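Single-structure report; data block below.
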Amino acid sequence: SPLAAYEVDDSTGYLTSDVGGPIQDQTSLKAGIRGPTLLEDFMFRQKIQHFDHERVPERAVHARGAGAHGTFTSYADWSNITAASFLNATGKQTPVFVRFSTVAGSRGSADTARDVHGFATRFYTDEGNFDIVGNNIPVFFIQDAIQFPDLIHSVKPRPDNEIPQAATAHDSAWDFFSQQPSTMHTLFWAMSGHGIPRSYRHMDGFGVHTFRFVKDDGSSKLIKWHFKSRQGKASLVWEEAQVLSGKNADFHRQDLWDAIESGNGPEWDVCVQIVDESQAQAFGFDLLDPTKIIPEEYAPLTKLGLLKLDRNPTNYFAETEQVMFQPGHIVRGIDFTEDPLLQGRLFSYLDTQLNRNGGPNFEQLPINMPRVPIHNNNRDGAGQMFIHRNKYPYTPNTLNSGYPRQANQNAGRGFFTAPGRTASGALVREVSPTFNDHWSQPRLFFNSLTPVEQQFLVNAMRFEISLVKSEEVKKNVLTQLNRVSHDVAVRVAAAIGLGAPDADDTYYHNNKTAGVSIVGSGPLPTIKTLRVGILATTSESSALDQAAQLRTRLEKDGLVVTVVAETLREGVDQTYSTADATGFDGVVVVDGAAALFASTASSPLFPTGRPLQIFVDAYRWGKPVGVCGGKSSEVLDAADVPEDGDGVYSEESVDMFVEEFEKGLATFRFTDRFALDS
Amino acid sequence: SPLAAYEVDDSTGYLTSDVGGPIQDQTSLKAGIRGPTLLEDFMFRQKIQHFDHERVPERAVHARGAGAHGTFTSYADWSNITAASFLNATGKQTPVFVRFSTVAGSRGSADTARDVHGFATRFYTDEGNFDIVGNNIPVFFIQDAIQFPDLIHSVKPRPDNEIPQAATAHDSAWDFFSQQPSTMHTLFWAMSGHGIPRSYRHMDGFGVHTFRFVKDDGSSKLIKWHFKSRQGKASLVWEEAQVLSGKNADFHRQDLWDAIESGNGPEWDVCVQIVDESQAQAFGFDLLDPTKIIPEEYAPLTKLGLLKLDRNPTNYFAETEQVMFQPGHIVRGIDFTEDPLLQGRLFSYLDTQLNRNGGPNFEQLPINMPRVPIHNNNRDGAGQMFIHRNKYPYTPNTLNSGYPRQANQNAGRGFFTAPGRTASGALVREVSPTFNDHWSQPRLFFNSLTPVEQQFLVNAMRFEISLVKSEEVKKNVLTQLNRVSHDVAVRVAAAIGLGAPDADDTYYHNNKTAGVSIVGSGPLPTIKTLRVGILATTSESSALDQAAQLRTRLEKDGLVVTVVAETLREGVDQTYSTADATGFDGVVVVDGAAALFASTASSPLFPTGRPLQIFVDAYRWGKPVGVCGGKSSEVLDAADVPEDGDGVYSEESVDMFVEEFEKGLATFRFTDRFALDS
Amino acid sequence: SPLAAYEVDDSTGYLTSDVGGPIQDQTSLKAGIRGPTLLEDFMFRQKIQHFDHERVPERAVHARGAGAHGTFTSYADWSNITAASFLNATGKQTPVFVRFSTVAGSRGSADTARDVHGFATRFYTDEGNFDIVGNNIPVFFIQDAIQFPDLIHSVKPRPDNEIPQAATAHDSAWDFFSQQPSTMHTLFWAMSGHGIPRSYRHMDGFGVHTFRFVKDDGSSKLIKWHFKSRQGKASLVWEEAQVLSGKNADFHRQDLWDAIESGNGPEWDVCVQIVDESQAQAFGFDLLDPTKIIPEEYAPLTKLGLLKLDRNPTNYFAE
Ligand code: HDD
Ligand code: HDD
Ligand code: HDD
Ligand SMILES: [Ca+2]
Ligand SMILES: [Ca+2]
Ligand SMILES: [Ca+2]
Ligand SMILES: [Ca+2]
């Protein structure tokens, strides 16, 4: 913790200026008790000036996000495939910092927007900082970095009025998607449940690009990075995400914070797919193309180590806001590929930190510093924090005895470009013909989802495209969807009253791939941290008694339990007024409370119908719901919830109720409650 | 070093990026050996981006300057006059940093321009950083801060062509001086020897403004700060300064550096004049007026302690360039007065550091940090280096137990405004009538100079005004000068071919004041560090033996000896090609070298006449010169220098030569060699 | 020109703020005639804030310099060798701006330091701005851009004391030159009279690098840019340059200003050496190597047009 050396404690002591002079900061200096404020009030000005300059530009993308500290532990000595020092011994531990994010919204936008999500991991290795700046979706919208402002301008708010915030549901985005068909693969992922994850802990991370692992002998293999969640994969449903955006814009950052504080810090297996250089085009697409995945059937995952997040930042601004990641932060044993999206990224991340930091010495901020000595001839610049002793900062020199020395493949453990890499041909601004198949892999992805997942994706597209005003853009969108799947274009067209174009089967096929479905990936492996809302009443002393007994039983198994009542008191966490179904992964009514759910309910302490609305919403959104007490039928009738439904629980016995209700939590969503196209 | 904790050592090790990855930095990554450079070359881009951003804006004024670390030691417990902690005990020591500067020139301009000089001192006290931002002249050009950009625009280069650099010798400067008569006092100081000091070590420092000392009981006294040089006062002559500006633009910074490295670190007595609040108008002028001195006859200096500079910086940029002084850096026991120049300065220095530093956390740069803990609720901002633990940074609070506490007169040793201070009357943009005598003190100053000093001042005015093209500006200048002294206006007028206006005696008097004269302040109190050039030859093994014997005898008394000859070899420091009279305080020819001084002397190794020119220039500029060995008449006749002249030495004996010559160095300048008007 | 539309005239009128409100700027607002200055004095603070923020970072190299406006006139239709629009017809005129400079000194350093000199020309062409950022010496010290901070750190002042200003006469410079032998060619030029020119008008300019002329059909030829002074070539002597540095630090900018004002605006012939792609290695060195000239005996100069500088800037900072 270079973070702990820079920590500042203010738990005792008298207020000082920034130069250590004790002062006051509550009243301005004035000429007389009702007089004007004086220019000589240095206390006033130092304080306001600091306030007035507190903000810094938000990131150009991924502005909305949150971070945590942890550790990476290697499972083996990986010398045989990479020279990377953080992977060179069983059990070797490296500190990490991770930031998760959306792409499109500004700071302050809602966590539960539909979007691609960032998953950026810094490894503070003993041979330098290494960053993997990935996303929760393994493919990207575009095939060349020069198009990135085009993609981003199209998805961000229309620039006359700056509407809409954090959403692709507008003409410009679908105009771009429909004119730039490379977008189809990422679009399909973003329109699935991968666009609205349950939490940062319930998504995967991917490096997206093919990279190289380079051995000390100089041989190389091609790799893709996969961070596979140990919490399982899980999504919201859209109608739930929308309400969550309003009720709790901070949902994902709160979830992450709380999991870490409770001792449930999330984990991922850090994995690679590893293939030979000769396989760059063996799989029916080009490994230089970031719109393509390698099916796991062609290349299995190898598990390199464990990533665990287990500590929250001390100061959000200083750590999370100021962390400045770069794919250029590379270490010996890793190399780039000629992926034209990766290639341009290298430029952008060094440049953009000048905007954020306002000066060139951004690598000296505590969160950006390495954990090894720095020896170089970089000097001066605004905000220079070091006092360099070497007064001959040039190479070659004799007056500093030739130091710092050059590092390279054979000296000082230098980074070196993989020596088998070559280039040949004309200097061109031309797209490789090997990149031209934009529709096959979207179809592979779509084929690999379950029927209800396919319906959710169609429904997401129906939602967004129905909000596009241009009839031409809508037609063009159907044209592109039709090339992936005639069925998708037909079902989407039905919602927007246009006809789909005739089937064009060039890229149609029936193939599937493992591991891309959320709903298909079986029950969650753990239910720790999941949220249960127990709906109770201060009316009946039996209701708070039953709530307390359920609480014990659920908290035993690591669930986070919230007892809801009309008013706060001992045992009650939340009022009906502040409660919502978006707040819980499952809801239980204690039978003691059945009168609150009648249609003539009414209280000055919460909005009309709130108790029942929580229960109904939770049911309609596919959550496990139940009534505990043995007079269940009255609440279930008021809800129009069938007692015999999957994921509906009714028991008098607390112990039997809990046992089945917990199986429901693992199932997580009951997908039989959602209507499917015929 | 106080700043040891921020030092970075590069005396060993391999080159790394700023994030600790070992790299190389000598060849670009290319596609083929004769190929184009690749964008993925992160080694290139990080290195060049840093270089591309090395520069920061130069200070708006005082851009050209140099600094050093040292110590202040109090002579006493000054409780009786101030609560200031750094003055509260005999022998109490406080680290300091001082920067000296010119005013008008940009950061690569010559040290030996004619100008006002800056003398800015930071005291890193145990109750906060205290800065005295002074000049080497005790009065300022203007009476209101709002006029500062007018003054500075007028003296800086003309904004169409940015000519001339670091000089007042142009129409705009003299236009402003003639139209704004407040300028007269400082103008006379600037045109005296005080405009072209021999070194930073041979000038005084002044706070200029009246300030207040405040006791812990709340009573106050008015003070002026005086830093009185223990090295004595000394000036260049103009014709010398001009040549030095070209031969060694770094003259003052080099002199300071060298004095420190040789163990001759310069010293000042830190003094105050102290008077009662009741005396603010008792001396015939207003103590709020920064164009006035308090004659020493009315208020003597109290010596408070010793300022010694004895350590050079390690990195100029990080220390000297980045030091950000403010008169707002004040400590308990000191307060401001209603001097309208001081009042506006308090705003400027906080604001201008945003420009220099490019962000609001400039007090976190090592040179600017205090040497005591910081406890405040200032947060965020670009370049934030701290990780603040207190997550409730507001007052008033209970969630951080009311910390940090408010400090004031009665708790926590807070700063407090002197409680006797009041204000009365209309809110006005009007000048006090008490400020209106612009001419009496300029006349007091002029009257207090010796006849030769008066001549030099006149000659500085004749030089500068003769370069003003506008006949009307020149007439306007003589109108103002004439109000100070009819004689001055007459003598100046004679050079520029105008008639002086008739005498106007309203502000004429015959009064004098002690201690403002340089010439009249007797011989220097020490000659340590003064420079002696010995002009020798490799022709004659005799000449180099004489030079070696002289050198040993002069070095024993701490003079810096340079032996000069046609070519370097053992015992010879400099060639005639690189030598100039501007490089010496005294010049000695060894008589074995007499042949070099003939008119038909000529060599491919130095410009024609160079040896003799050094001697002649030294004589004409008032320096002690001599011939050592017994045979003096050929050199002295070649140079047209009378053997019986004051400050001309001829002896055979090295011991007798040096005993006489050292008296000459202490005299420093022989003023009988300069012609007087009339 | 675009320069005229942005010009602001202050030869009449009352003082205003930046937002057009008439104001005064000579006395601070105070609580009584001998009182403290008020925070509500917006006239004071807008003025001093602007002053406080006047400066910008100097250029990392070529900080010390001066500029003038002028015209370039093509001598012919150069279609046969380049598609460049500004060279596509006899008599075609294109506005230019040129800045001349030293390399090593800060703002405020003397014009007559010994140094390589900058000669940077912007052509505001009808198909976009085209800059030739050249020097008065045709070859450069180093063969790879990555080394540029090394060269510059070595020649700039020693970083503990920032001594010496605008000068290669110190250990670090000569350490670098002696350890990096690519430097020798430029070093010889800088140690000649080319290091201390008499004026900006009495030096030539060079693009240094080999560039390509490309025709509309896509064929290319290798070129070197030479701007050849019509005023002739002239130098100071060193002992004169040293005194001049002290007596008149603005010597070259004054000389340029004065020549233009007197109707003696300086001229250059803008020239190229033009060789085939196949001759990249034909002359006993590599045309990709910026430490090498092509001897005029092997490739003669072709005169493309006339560069004339004939108007001084209105505002130095802004232009
Ligand atoms: C050419 C530009 C460009 C391209 C093609 C990309 N990005 Fe990027 N990305 C940026 C330019 C950029 C940026 C503007 O440079 C950002 C904003 C702030 C920053 O540090 O970098 C950024 C931020 C950024 C962040 C946030 C890092 C953090 O939490 O601070 C993530 C996770 C990604 N990007 C991930 C990706 C992935 C997985 C991409 C494709 C595979 C991708 N970006 C393509
Ligand atoms: C209203 C503006 C204003 C006024 C009236 C003054 N100054 Fe000032 N001064 C500045 C505005 C300023 C500044 C723009 O704020 C500078 C530039 C850099 C900095 O830190 O402050 C500055 C710098 C500065 C420095 C350089 C400090 C260093 O070495 O970094 C000195 C020594 C002084 N000044 C001294 C004075 C004296 C003795 C004054 C009158 C008694 C004076 N200044 C009036
Ligand atoms: C990799 C960095 C690098 C390299 C190898 C060079 N320069 Fe450069 N040059 C810069 C980096 C730079 C810079 C840091 O980018 C400057 C500073 C100000 C600016 O606009 O660019 C610059 C300024 C600059 C200027 C001043 C322009 C003006 O008047 O505003 C000239 C004339 C040159 N350079 C000319 C050259 C020549 C003829 C070079 C070799 C043939 C050369 N430079 C190599
Ligand atoms: Ca739109
Ligand atoms: Ca900025
Ligand atoms: Ca002028
Ligand atoms: Ca050096």
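So that the names make sense, note that chain A is the first sequence line, chain B the second, and so on, each numbered from 1. Heavy atoms only: backbone and side chains are in, while hydrogens, waters and symmetry mates are out.
- Looking at heavy atoms from C-beta onward, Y316(C) lies out of side-chain contact with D160(B) at the 4.5 angstrom threshold.
- Heavy atoms of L244(C) lying under 4.5 Å from chain B are absent altogether.
- In this structure, the side chain of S245(B) does not engage the main chain of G246(C) through any donor-acceptor pair within 3.5 Å.
- Ranked by heavy-atom pairs shorter than 4.5 Å toward chain B, the options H50(C), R64(C), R158(C), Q24(C) are led by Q24(C).
- Distance check, rounded to the nearest 0.5 Å: OG of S348(B) to CZ of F51(C) gives 7.0 Å.
- Residue contact with chain B, scored on non-hydrogen atoms closer than 4.5 Å, involves the side chain of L38(C) exclusively.
- With rounding to the nearest 0.5 Å, the separation of CD in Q147(B) from OG in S28(C) is 8.5 Å.
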Practice task
Output, in order, the C-alpha distance, side-chain angles, deciding distance and verdict of side chain to side chain contact (heavy atoms under 4.5 Å, CB included) for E54(C) and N355(B).
Solution key: CA-CA 9 Å; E54(C) 279 190 10; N355(B) 171 86; over 6 Å; no
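- Contact annotation for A145(C): both backbone and side-chain heavy atoms come within less than 4.5 Å of a heavy atom of chain B.
- With a threshold of 4.5 angstrom between heavy atoms, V428(B) approaches chain C through its backbone and through its side chain.
- There is no contact between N248(C) and chain B, counting heavy-atom distances below 4.5 Å.
- The backbone N or O of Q165(B) lies less than 3.5 Å from a partner atom in the side chain of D250(C), making a donor-acceptor pair.
- Atoms CG and CG, from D25(C) and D150(B) in turn, are 5.5 Å apart once rounded to the nearest 0.5 Å.
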Exercise for the section: Would you check, one step at a time, whether the test side chain to side chain contact (heavy atoms under 4.5 Å, CB included) holds for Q281(B) with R34(C)? Expected result: CA-CA 12 Å; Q281(B) 302 208 232; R34(C) 294 182 67 255; 3.5 Å; yes
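- At a threshold of 4.5 Å between non-hydrogen side-chain atoms, the residues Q180(B) and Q26(C) count as touching.
- Not one N or O on the side chain of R429(B) forms a donor-acceptor pair closer than 3.5 Å with the backbone of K30(C).
- Counted by atom type alone, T27(C) and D144(B) present zero donor-acceptor pairs between their side chains at under 3.5 Å.
- Both the backbone and the side chain of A31(C) come within less than 4.5 Å of a heavy atom of chain B.
- Counting heavy atoms from C-beta on, the side chains of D351(B) and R45(C) never come closer than 4.5 Å.
- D52(C) and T352(B) get closest at one heavy-atom pair: O-OG1, 2.8 Å.
- The parts of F44(C) that come within reach of chain B are both its backbone and its side chain, each placing non-hydrogen atoms under 4.5 angstrom from that chain.
- Contact check for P159(B) versus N315(C): side-chain heavy atoms found under the 4.5 Å cut-off.
- For the set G425(B), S106(B), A63(B), the entry with the most heavy-atom pairs within less than 4.5 Å of chain C is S106(B).
- Your options are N312(C), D41(C), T112(C), and the one with the most heavy-atom pairs under 4.5 Å with chain B is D41(C).
- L342(B) does not touch chain C: none of its heavy atoms, backbone or side chain, sits under 4.5 Å away.
- Taking the side chain as every heavy atom from C-beta outward, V243(B) and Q242(C) never approach each other to under 4.5 Å.
- Between the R55(C) side chain and the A60(B) main chain, a donor and an acceptor come within less than 3.5 Å of each other.
- Heavy atoms closer than 4.5 Å to chain C are found in the side chain of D286(B), but not in its backbone.
- In this structure, CD1 on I33(C) lies 9.0 Å from CZ on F435(B), to the nearest 0.5 angstrom.
- Contact of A66(B) with chain C is not made at all, since no heavy-atom distance falls under 4.5 Å.
- Interface check for chain C: of the options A249(B), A110(B), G344(B), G105(B), the most heavy-atom pairs under 4.5 Å are formed by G344(B).
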Practice task
Output, in order, the C-alpha distance, side-chain angles, deciding distance and verdict of side chain to side chain contact (heavy atoms under 4.5 Å, CB included) for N161(B) and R253(C).
Solution key: CA-CA 8 Å; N161(B) 59 16; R253(C) 59 179 52 170; over 6 Å; no
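- With contacts defined as side-chain heavy-atom distances shorter than 4.5 Å, the pair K47(B)/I146(C) qualifies.
- Between the side chain of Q343(B) and the backbone N or O of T37(C) there is at least one donor-acceptor pair closer than 3.5 Å.
- For the set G108(B), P157(B), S432(B), the count of heavy-atom pairs under 4.5 angstrom toward chain C peaks at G108(B).
- The residue among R356(B), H153(B), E319(B) with the most heavy atom pairs within less than 4.5 Å of chain C is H153(B).
- Ionic pairing of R107(B) and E162(C) is present here: one or more N-O contacts between side-chain nitrogen and carboxylate oxygen are shorter than 4.0 angstrom.
- The heavy-atom pair separating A423(B) from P36(C) by the smallest distance is CB-CD, 4.1 Å.
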